[PDB]
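>>> Before the rest arrives, take these chains from my complex:
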Amino acid sequence: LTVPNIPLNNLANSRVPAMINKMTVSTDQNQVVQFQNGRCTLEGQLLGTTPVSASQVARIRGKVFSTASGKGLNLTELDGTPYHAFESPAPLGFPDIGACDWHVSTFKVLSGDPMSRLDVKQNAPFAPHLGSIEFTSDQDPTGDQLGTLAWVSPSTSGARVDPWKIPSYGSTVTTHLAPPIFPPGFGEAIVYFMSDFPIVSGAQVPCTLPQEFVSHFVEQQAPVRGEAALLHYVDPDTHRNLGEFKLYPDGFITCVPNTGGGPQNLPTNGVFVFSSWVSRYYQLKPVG
């Protein structure tokens, strides 16, 4: 097993098309998350809707159709091949920012302004597992539309956006949803990789694996040889070890954050390096 030899600020978020700005631990360190993107086992098994490339993250493709009140999209995979409602929660790469309006910028797969902004609510017609969503738009999109999540806003007036939530993929879900990630306790806290992103009335989107970690694991198909992988976070200029982290086989990273601090207090240009396989209860030196 190796992990990407790339500084953290050159790594992409796995839940929005953005670069990682910093690490942090959650304010409540017992908080459970269930992100559907950025999910991959160390052996290279993709989970949820997680795609391989950073340029598949939080994108939507589909064909415009007429609904009772206006338009909708009959979803396809991002490469234009048919989506089928099967085991995945949604087409691969489908956004997983829950409980908010989405604003998705698409183009028809030209003359004049080729872009349409699809304004999508997560209400009853939001059925991505089934393969359809509805939208309103100030433009007039038709046919095969491909696009990217541009920004998010509250579902109802005066409310707030919580990007730590995931969507409900619909009533047909019974489905390979990626499972919740539980803090393993004993002082350990899940490490979240944060990105600037336009969240209106939120300002940063968390994910649990940088996207290049996901493609690294998929590519490598490495055997898991211990209960956790001990990583060092290294200053790439001085080559000094800045802190210890554990990478778990189910595909998330923890640290023991110093009280009143944590990995948010580390420089954001360090490189993760695999050090050794360790047992499940290997005790980390606190960080930050």
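Great, that's in hand. Residues are numbered from 1 along each chain as shown, chains lettered A, B, ... in the order given.
>>> Correct me if wrong: residue A:151 contacts residue A:198.
Yes - the pair residue A:151 / residue A:198 is scored as a contact, 3.9 Å apart, by CB atoms under 8 Å. Bear in mind the C-beta positions are built from the backbone N, C-alpha and C, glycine included.
>>> Residue A:195 sits in which helix or strand?
According to DSSP states H and E, residue A:195 maps onto strand A:192-196.
>>> list the helices and strands whichever helix or strand comes after that strand packs on?
Moving toward the C-terminus from strand A:192-196, the next helix or strand (DSSP H and E) is strand A:204-207. If you count contacts as 3 or more CB pairs under 8 Å, 6 or more residues apart in numbering; DSSP states H and E, strand A:204-207 packs onto strand A:192-196.
>>> Partner strands of the strand it packs on and their direction?
Here strand A:192-196 has these sheet partners by DSSP bridges: strand A:22-24 (antiparallel), strand A:204-207 (antiparallel).
>>> and of the ones you listed, who's closest to residue A:186?
strand A:22-24 (19.7 Å; CB to CB).
>>> Now tell me what touches the closest one from outside.
With contact meaning CB atoms under 8 Å, 6 or more residues apart in numbering, strand A:22-24 is reached by A:8, A:191-194, A:206, A:262-264, A:266, A:268.
>>> tell me the helices in chain A, going along the chain?
All helices of chain A, identified by DSSP state H, fall at A:211-220.
>>> in it, which spans are strands?
Using DSSP state E, the strands of chain A run over A:22-24, A:59-66, A:71-76, A:101-108, A:115-120, A:132-134, A:144-153, A:189-190, A:192-196, A:204-207, A:228-234, A:241-248, A:252-255, A:271-278.
>>> please slot chain B in as well:
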Amino acid sequence: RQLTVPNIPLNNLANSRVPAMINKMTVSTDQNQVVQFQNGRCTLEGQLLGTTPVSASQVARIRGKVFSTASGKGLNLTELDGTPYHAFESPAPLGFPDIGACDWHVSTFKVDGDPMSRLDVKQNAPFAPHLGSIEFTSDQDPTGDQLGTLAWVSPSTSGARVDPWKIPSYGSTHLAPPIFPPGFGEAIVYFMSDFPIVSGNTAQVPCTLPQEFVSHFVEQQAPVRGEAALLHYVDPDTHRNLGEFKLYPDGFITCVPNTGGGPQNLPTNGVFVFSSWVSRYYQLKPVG
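Below, chain B sits with the chains from the block before:
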């Protein structure tokens, strides 16, 4: 360390010049055509060239601070992480788009209602990214620190077309050097993505390395042990070799296309695999 290429099928690789997925390979209609792309450029030893960034989510992005001039508005460019851009030995900030001789339309948000601004950028006199600024017009009112992504392109003037095979005039701008087809019947392999090119001959953008190849080389920091690396393009299900390719130290890929054909006739679900180091003069079996 031993050179490898990503164990990822073609259709899961990102374009290195626009934020998009690769959907096919091809050769240029003039097989003697020389290109000088500034993104997607990296040596096999992991040396980035031109404006090439590491992550697919840095590709064709722009960041800067809005300022007002005597006659309009401009962007004082920074690197994508907000740190200062200095004119030194690069054409522009890392990741800056390299689609030449056309208008750009760049969707940005304020790193801080509708949060988006579309910056409409002409490649005329005030387009001076090497020196650290460009001018724009916008129907919105962007201020302060704006970060965004190239959304679409259109012709510079009314009668014109967009040729995405061209690069900008950035100004001595320290360009990555031209790539020549290297002889022996070989043609440069171009990796194509759908993208909203308005008034292009097609709505596709070529690049010379998939973005994940770039990050792979940067990570691996592998020694070059021969004049060219022979690759096989392999079907991942049957494991059959679908064609020979050469990967050159300067960071590009060639094949010998069959007359009237080429890699555009190959399936798009194959995986490149390193075979061996070969002589510069190694004669490839024709493909497609």
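>>> and the angle from the strand holding residue A:195 to strand B:103-110?
Orientation of strand A:192-196 against strand B:103-110 (axes from the mean of the first three to the mean of the last three CA atoms, to 10 degrees) gives an angle of 120 degrees.
>>> What lies in contact with strand A:192-196?
Applying CB atoms under 8 Å, 6 or more residues apart in numbering or on different chains, the contact partners of strand A:192-196 are A:8, A:11, A:13-14, A:16, A:18-26, A:203-210, B:111, B:147.
>>> Show me just the buried residues among these.
Neighbour counting over the contacts of strand A:192-196 (16 or more other CB atoms under 10 Å in any protein chain shown) leaves A:8, A:11, A:13-14, A:16, A:18-26, A:204-210, B:147 as the buried ones.
>>> quick revisit: may I have the strand holding residue A:195 as CSV, with CA atoms only?
Extracted in CSV, the C-alpha atoms of strand A:192-196 (Å, rounded to 0.1, in the frame of the first residue of the first chain):
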residue,chain,number,x,y,z
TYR,A,192,-12.4,15.9,7.3
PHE,A,193,-10.8,17.5,4.2
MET,A,194,-12.4,20.9,3.6
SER,A,195,-12.9,23.0,0.5
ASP,A,196,-14.1,26.5,-0.3
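>>> chain center to that strand: distance?
Mean C-alpha position of strand A:192-196 versus that of the full chain (CA atoms, centre = their mean, to the nearest Å) differs by 10 Å.
>>> Taking strand B:145-154 as reference, get the angle to that strand.
Using the same axes, to 10 degrees: strand A:192-196 against strand B:145-154 is 70 degrees.
>>> Measure how buried residue A:162 is and give me the count.
By the criterion of other CB atoms under 10 Å in any protein chain shown, residue A:162 has 13 neighbours.
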